[PDB]
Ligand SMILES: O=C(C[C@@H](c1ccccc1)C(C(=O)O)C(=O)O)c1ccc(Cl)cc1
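Shown below, as structure tokens, is a lone chain in the form deposited without the named molecule; questions about how it binds or moves come after it.
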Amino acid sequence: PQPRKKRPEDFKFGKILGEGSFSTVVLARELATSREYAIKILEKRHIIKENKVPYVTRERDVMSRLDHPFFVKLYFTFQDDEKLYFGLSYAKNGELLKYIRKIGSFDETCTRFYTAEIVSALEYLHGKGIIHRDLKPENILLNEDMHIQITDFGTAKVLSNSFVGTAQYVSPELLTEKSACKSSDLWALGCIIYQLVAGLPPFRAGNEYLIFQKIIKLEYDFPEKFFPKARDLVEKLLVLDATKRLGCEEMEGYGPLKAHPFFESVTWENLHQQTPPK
């Protein structure tokens, strides 16, 4: 016996946090409780016309399965005659990409802390047989406590090859076999760790085709003063042979990955309870 289904009038919608091709996320305050939520609004007709029902269904069905501090929580859903509403946690501190730009380049203490939270959050995701398929700093929010909260699960996939995330994070197997697996998220991770230290992602070029070209030839390099243990880590994630990436079952999973020297001082059992380095 769950709470009465909620409805638009139960809210006071405010500013639009963002707009996508198929949806709009708007900050709303629930009148009855003063709770502030990020409500994602999708227009049924548009979804139907562009054949996205499988995607909206999936996004909903994945988020309902997640119950972990490093993921945006789906509190509720409801719909009217024209739209679909998803009540989501409202991460007050924006996205990780904003910070990367804002401060430019993370030092080692922050690079290590944030990477760890991400590794820790994927281990959970991948433990449930789910792959994100579009991991990036824009999709890794920061709550008011500055801990991470990953979102954007519409493109996710539950295990038992129709999508491609953002070009600069696309794995090479995705560009040759047309099929993503856990490996693709580990590749993205490697890219992100590189981006935290260097200030920018590893593969960059004038258009997408040129980016894809670099990815499959593994064409990138590290700056001169890139933390050595971080570099080593990235070199073990950005590996063309998917089955040889730290974290993959073929490489014996997250045990080895979390054991990397780069994470020597990390206490994995409760990152959520530690204080993020300011």
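One rule holds for the numbers: they count along the sequence shown, beginning at 1.
Annotation: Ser160 belongs to the positions left without coordinates in at least a third of the other compared entries, with flanking residues modelled. Count the deposited residues lacking coordinates between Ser160 and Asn161 and you get 4 to 9 of them. Look at the C-alpha B-factors of 180 to 188 and of 67 to 75. On average they run higher in 180 to 188.
When 95 to 103 is weighed against 122 to 130, 95 to 103 comes out higher, by mean CA B-factor as recorded in the entry. Among all modelled residues in this chain, the alpha-carbon of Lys225 has a temperature factor (C-alpha) in the highest third. Placement of the Cα temperature factor of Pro256 within the chain: lowest third of the modelled residues, per the deposited record. When the modelled residues of the chain are ordered by their C-alpha B factor, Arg231 lands in the middle third. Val26: CA B factor in the lowest third of modelled residues in this chain (values from the PDB entry). Split the chain's modelled residues into thirds by C-alpha temperature factor. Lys83 is in the highest one.
In what follows, reference is made to the form solved in complex with the named molecule, a form of this protein that is not presented.
Residue contact check for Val53: one or more of its heavy atoms lie within 4.5 Å of the named molecule in the deposited bound form. Contact check for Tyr124: no non-hydrogen atom falls within 4.5 Å of the named molecule in the deposited bound form. Within this chain, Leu84 lines the site of the named molecule in the deposited bound form, having a heavy atom no more than 4.5 Å away. Although the partner is absent here, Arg35 is not a contact residue: none of its heavy atoms lies within 4.5 angstroms of the named molecule in the deposited bound form. Checking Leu240, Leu210, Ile48, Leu31 against the named molecule in the deposited bound form, a heavy atom within 4.5 Å turns up for just one residue: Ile48. For the candidate set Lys217, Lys244, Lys44, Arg231, a heavy atom within 4.5 Å of the named molecule in the deposited bound form is found for exactly one residue, namely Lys44. Of the candidate stretches 186 to 194, 110 to 118, 72 to 80, 171 to 179, only 72 to 80 has residues with heavy atoms within 4.5 Å of the named molecule in the deposited bound form. Taken together, the three residues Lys5, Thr57 and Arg60 all come within 4.5 Å of the named molecule in the deposited bound form, as judged by their closest heavy atom.
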